[PDB]
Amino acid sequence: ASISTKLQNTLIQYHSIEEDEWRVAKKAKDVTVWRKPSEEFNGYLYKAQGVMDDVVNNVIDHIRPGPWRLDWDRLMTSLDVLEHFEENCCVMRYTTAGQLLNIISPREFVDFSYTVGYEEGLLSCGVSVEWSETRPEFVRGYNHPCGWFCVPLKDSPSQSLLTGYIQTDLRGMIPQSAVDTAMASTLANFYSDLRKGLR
């Protein structure tokens, strides 16, 4: 629906929030993760950013569903396309393994997915949607607006800047100290893994 236009505008909006409001959450090799109180739920909106040694198309094609999508990502354990509208409008379901010696159990997510051009690059966003089929093995997490911005690097055409905004509500019951750690590490590892998947 027109939900995609709104999802798109929300993320461009987040991408306009300037540093002043972001609080460092973790500093990795070549990835920085920040967070700020979410205006969507009682949790945080995360910002992650780092350079990728590859072009936009290749980076985004590895982030969306396909051949080796579960292959490089240590946290995703399954991925299903449930409803496909336009080539760039999906409704997917994916599960996530347990984290922190099981302090966080396997999650399930059913998100709307939308990929569109952004500047000279691309925007691949999403938000969770209502889905009845439930499974006891997985607690359903809920993703508020989130997305990945990927655009060519300044004056380096062979590279690109990958910026992500993640606003996940893992639901269930987890102490905030574990949630904080988990989310910060999930984003940092996503870049490590993604860089390996690109090979």
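Numbers follow the displayed sequence, beginning with 1.
Averaged over their C-alpha atoms, the temperature factors of 80-88 and 104-112 are higher for 80-88. Mean CA temperature factor is higher for 156-164 when stretches 141-149 and 156-164 are set side by side in the entry.
Between the residues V56, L45, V33, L170, the entry's highest C-alpha temperature factor is the one at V56. Compared with the other modelled residues of the chain, the Cα B-factor recorded for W22 ranks in the highest third.
Placement of the Cα temperature factor of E119 within the chain: highest third of the modelled residues, per the deposited record.
Annotation for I174: C-alpha temperature factor in the middle third relative to the rest of the modelled chain, per the entry.
Among the modelled residues of the chain, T181 sits in the middle third by CA temperature factor in this PDB entry.
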